[PDB]
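> Let me start by giving you these chains from the complex, positioned as in the assembled structure:
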Amino acid sequence: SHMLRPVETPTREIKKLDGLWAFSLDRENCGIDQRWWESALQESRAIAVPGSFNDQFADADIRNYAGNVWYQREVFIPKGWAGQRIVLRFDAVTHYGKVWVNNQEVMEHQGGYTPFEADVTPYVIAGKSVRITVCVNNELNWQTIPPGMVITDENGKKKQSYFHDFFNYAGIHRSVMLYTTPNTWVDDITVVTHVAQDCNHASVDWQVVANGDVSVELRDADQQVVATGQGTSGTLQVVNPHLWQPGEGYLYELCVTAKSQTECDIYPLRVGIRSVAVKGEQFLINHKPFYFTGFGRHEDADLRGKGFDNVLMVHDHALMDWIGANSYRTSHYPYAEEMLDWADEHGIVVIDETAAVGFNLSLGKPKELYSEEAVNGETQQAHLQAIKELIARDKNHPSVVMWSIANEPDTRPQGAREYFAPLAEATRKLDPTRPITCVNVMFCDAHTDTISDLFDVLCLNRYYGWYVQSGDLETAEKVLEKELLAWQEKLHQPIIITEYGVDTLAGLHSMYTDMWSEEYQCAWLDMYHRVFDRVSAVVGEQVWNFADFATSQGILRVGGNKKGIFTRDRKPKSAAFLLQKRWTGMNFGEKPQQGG
């Protein structure tokens, strides 16, 4: 469908992101048979929402649970809600959610990281209390996005195995809410912003107003109307603009009005006037070459598996700001929209990424990745859908300068191309206004990768000197430089190293500057930087990883992934100061001149 972001004015929100909900596991999978949504959840403990369910109770068995869990909550419809359009929305429900308003199934969703909502007007009475039961599923398979394989052992007990390097946290990770609109309501806006050598431009609009004529006005930061439009559908605005720019992100405001004969609806959409374009080996923003700095991030913290939190967001952005990061990539799933609102407001450049990681069977059972058994026509449709829902969500955020379709598919087999070519094309139809990318795994190098020509920007995840040439900066450096030059000459695209990093145990110090030591982390990033500055095609550097985060258990992960610049409690490792010096020492948004 269509997704607008709930704002208040004529339209109003009840939070119900009030956190305390009833919660129980459904170990027997009785829940649907017995219609638990029909009465109060039995044997139910208190849980916080928004939040992962896994870590809230410090219990291994709830953490490692695979299958169905139930959230239940009673809530009060505002009396004043009367005959307005009432909508129940979930910003996210991890992997799968099915929702009941009082023994009435109102919605269903597969996707752990984007919103789903249903008009509930007919199913609720204003001034009365309703029971809300969500059945949440955390299972992955070959058609889920990201993919996985549940293994049931001989006892019929499920266990989730998956192919990506973060932990499969689940639950209601983001805001759930009740919200209002008039029976005439704006429900889709699409803004495209053009700029022409930065003295003037046009901002096209496209508007869907469920039964309403629309009018448009564009306002300053200091709230004065600078352009108007009728053409309630397709209306183009000309301006002497304050451009939304990486440093500051100046935001205009577009007010969308849906008028019925008796009814009004008012939707304000923040707009940054900026162009994004690749020209040759450059990534241009408002027609200037940009240089990315900053991180691949995760949504991860102690006690919240991936649950959204405002303090964590305020804090992490103070860190990213302090360190001189100008960008990030929503590694491995769409992030909370609050994050993109922040980025828009603060002029943070973002690479927006679907949840399509784990397409790889060689990261470290089926023998063909592209297979009817394993990655197939159904998967591709699920993949396209994931792309659709992400673009439908994030299309108007000026902070998003690029779409990332997938992280680290195995592109060696013939068929990778078969599978990805249509997604690349589809994606571009969905959004013509942004470069497109597919993040690239180390072993699909310049000579073996089959897919990268189909996208606009080259985003490489590189670990030379870590997973390969381990401990050896000297030969690490040679392989890295040779690889990046090969890519440059092969594709003549802008290259962003979207991942480079080494596990570092905070407090592990070594005179020998060897693996897993603060000093090795320092020397290794430093060597990588030396190379980047020698390669003109390199247009960006995003360190892996903002902070330590949880993964599945194994021999390769010491209590988790330790490639953070900060620890999970947001303590700086000495590499944090190193990056601070490089990033705050550069000219903003500008690439070093390959010397101090």
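Done, it's in. Residues are numbered from 1 along each chain as shown, chains lettered A, B, ... in the order given.
> all helices of the stretch 301-450 of chain A, in order?
Assigned by DSSP state H, counting those that start in this stretch, the helices in the stretch 301-450 of chain A fall at A:310-323, A:337-346, A:377-394, A:416-430.
> And those: which comes nearest residue A:203?
helix A:337-346 (15.0 Å; C-beta to C-beta). C-beta: built from backbone N, CA, C; applies to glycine.
> just the angle between that closest one and helix A:377-394, please?
50 degrees (axes from the mean of the first three to the mean of the last three C-alpha atoms, to 10 degrees).
> Run through who's touching helix A:337-346.
For helix A:337-346, contacts defined as C-beta atoms under 8 Å, 6 or more residues apart in numbering pick out A:5, A:91, A:115, A:244, A:249, A:251, A:270, A:272, A:308, A:310, A:313, A:317, A:321, A:330, A:348-350, A:352, A:393-394, A:397-400.
> try it again with 6 Å
Helix A:337-346 has contacts (C-beta atoms under 6 Å, 6 or more residues apart in numbering) with A:5, A:249, A:350, A:397, A:398, A:399.
> who are the neighbours in contact with the closest residue to the fifth one other than its chain neighbours?
What sits nearest to residue A:398 in space, not counting adjacent residues and going by C-beta to C-beta, 6 or more residues apart in numbering, is residue A:272, at 2.9 Å. The neighbourhood of residue A:272, defined by C-beta under 6 Å, 6+ apart, consists of A:244, A:249, A:251, A:398.
> hang on, isn't the third one packed against residue A:273?
No: using C-beta atoms under 6 Å as the test, residue A:251 is too far from residue A:273 to be in contact (8.9 Å).
> More neighbours: which of the two?
residue A:273 (25 against 18; other C-beta atoms under 10 Å).
> Correct me if wrong, but the more buried one is in a strand.
No: read with DSSP: H, G, I helix; E, B strand; the rest coil, residue A:273 is coil and lies in no strand.
> what separates it from residue A:342, distance-wise?
From residue A:273 over to residue A:342 the distance is 19 Å, taken as C-beta to C-beta, to the nearest Å.
> Also put chain B in, sequence below:
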Amino acid sequence: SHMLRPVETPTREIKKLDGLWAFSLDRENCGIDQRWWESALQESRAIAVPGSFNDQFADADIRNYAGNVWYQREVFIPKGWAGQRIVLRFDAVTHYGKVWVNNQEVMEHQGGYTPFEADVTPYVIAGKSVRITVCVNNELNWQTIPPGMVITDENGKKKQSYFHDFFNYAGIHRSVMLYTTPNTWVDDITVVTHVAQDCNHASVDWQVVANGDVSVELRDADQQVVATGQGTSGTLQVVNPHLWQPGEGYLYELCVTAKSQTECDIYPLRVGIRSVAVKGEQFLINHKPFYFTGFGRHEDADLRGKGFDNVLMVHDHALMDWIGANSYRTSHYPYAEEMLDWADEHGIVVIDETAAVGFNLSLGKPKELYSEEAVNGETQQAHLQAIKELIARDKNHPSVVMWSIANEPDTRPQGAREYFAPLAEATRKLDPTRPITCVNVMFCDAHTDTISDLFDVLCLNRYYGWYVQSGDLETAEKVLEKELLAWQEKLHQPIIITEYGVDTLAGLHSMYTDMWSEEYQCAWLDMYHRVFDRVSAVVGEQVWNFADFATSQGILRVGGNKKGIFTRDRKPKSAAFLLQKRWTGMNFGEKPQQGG
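Placed with the earlier chains, chain B looks like this:
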């Protein structure tokens, strides 16, 4: 002011605690002078509420700030709230708040741990946006609770000094809510439980109807009316008992119905039928011997400081339950009421405490602690006032067994007894239903301590082996026993050890089992246990602290305070398993055989 916990029936609330407010420091103390409240705060930045302002920005200069900070936020008033009573409520604003609604000063408060509310109907228009501005002050002085001294440097800036161990986190710590009520409504209730030998017994209501009559029906957990009164001012209700017990904590519900010609206000309260009193050396729960287990705790966590957080609350309770805690004390300030509903609902026992800590000058410039210079009549009032507001809030929470009037005052100076006798008086009258205490410091020991006799239960914070007899279990054991026995003689009052603990560095291990080693914590906690058991008078153990927590900087505090059984990120130290084993190897609410 009259104080009721807002809840949703015919009554509605919108949390403005939706987190992102605009924030600013007023370093130049211009804020009040320039009516900053009249316009958008400039030089503003985003901050999350509910949370301490100190640690959200990873900035030392903000963390150590003393003076006024400004919080601002705009909020659309809901359309269905139009001739209703609207109340603006802050559950806590740490130290001091001054609130404006569009250039209309609406409220002021001293005390960082209790709610304050005002009707804003006249200053706000329904369906319109109003601007909310708050002035938050963190400064402490002799009149304040807890006290402090603020020094203005030779350069001109302010630095805070204070005498309690934990860190001075300030800002809007708990939720802010807009709040609805009919023009005729309830703003007060009080309930008492009598239970004689667990046969059927009574609950006396006393209520305040702001212009209405009340029907007052008591419902069982099944909403089955088991008693009724119409005397809106004084009643009694009697049925086969069904005790609120510490094991499971069963609750009843009391609908408070308040009637006017046009409007009815239904207010709901939760009631736990239980009895608390001392007979000689025993704390009796429903006329039966209780033995406390669990912790002294703080409100402290990684990036929010003392800011409330549901996930943290869910998680901490999981851990206390797991470890066998049945009780805790709201250390050195009153906690978020959410914590008390949890304890009410899960049947946890709570020693409730005021913010009155740091009366002492010997813990580690004025000559006389109780004097015009230090602690005076004015200070005794605020102490009184703080005690008023606490009981006003928590009087109805069944989980509260006892008031702690203060933590660790120095009672050796002249006038200590004069100071505490009248406050003891005023409190006994304010709640006759619950016993009353004052938590005692090591150096005011049995022979030296005045003012132990005015309280019903002896609450002792003891550190032998750690501050004295440093590292010496053998002598510390004797001093402790002789001490505890010397306490049974002077008084035959129930003894609870409210604090016993040792700093311990997670990961510090020693074959020598010496100070600041995981082993020592175990050995020492073990030692207090052997002694504890031998003393018939000892009614309880509350370990200091539950988890590591921040303190102001100094040579005695390494991370901050390290006496936590868990680290600040909630990871167990080996002593978590020691306590686990004792506290679950017990019979519930009972004392060990002074042997196995």
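> try the contacts of helix A:337-346 again now we have chain B.
A:5, A:249, A:350, A:397, A:398, A:399 (C-beta atoms under 6 Å, 6 or more residues apart in numbering or on different chains).
> Out of those residues, flag the one nearest to residue B:480.
So of the contacts of helix A:337-346, ranked by how close each gets to residue B:480 (C-beta to C-beta), first place is residue A:350, at 59.6 Å.
> Apart from its chain neighbours, what residue comes closest to that closest one?
residue A:399 (4.5 Å; C-beta to C-beta, 6 or more residues apart in numbering or on different chains).
> The one you found against residue A:351, yeah?
No: assessed by C-beta under 6 Å, residue A:399 is found out of contact with residue A:351, at 9.9 Å.
> re earlier: which residues touch the residue nearest to residue A:350?
A:340, A:343, A:344, A:348, A:350.
> got the phi/psi numbers for it?
phi -60, psi -30 (degrees, to the nearest 10).
> before we move on, the earlier item: just the buried members of the contacts of residue A:399?
A:340, A:343, A:344, A:348, A:350 (16 or more other C-beta atoms under 10 Å in any protein chain shown).
> For the last one, give its distance to residue A:268.
For residue A:350, the distance to residue A:268 (C-beta to C-beta) stands at 21 Å.
> now swap in the second one and tell me
Applying C-beta to C-beta, the value for residue A:343 to residue A:268 is 18 Å.
> related to what we said a few turns ago, residue B:77: which of the contacts of helix A:337-346 is nearest?
Using C-beta to C-beta, the contacts of helix A:337-346 come closest to residue B:77 at residue A:5, 21.2 Å.
> Which residue is the nearest non-sequential neighbour of the closest one?
residue A:337 (6.0 Å).
> And residue A:270, by the same measure?
residue A:251 (4.8 Å).
> What of residue A:36?
residue A:70 (5.8 Å).
> what about the one you found, how many residues close to it?
20 (other C-beta atoms under 10 Å in any protein chain shown).
> what about it, helix or strand, and which?
Applying DSSP states H and E as the criterion places residue A:70 in strand A:68-76.
> That strand packs against which elements?
strand A:21-25, strand A:129-137 (3 or more C-beta pairs under 6 Å, 6 or more residues apart in numbering or on different chains; DSSP states H and E).
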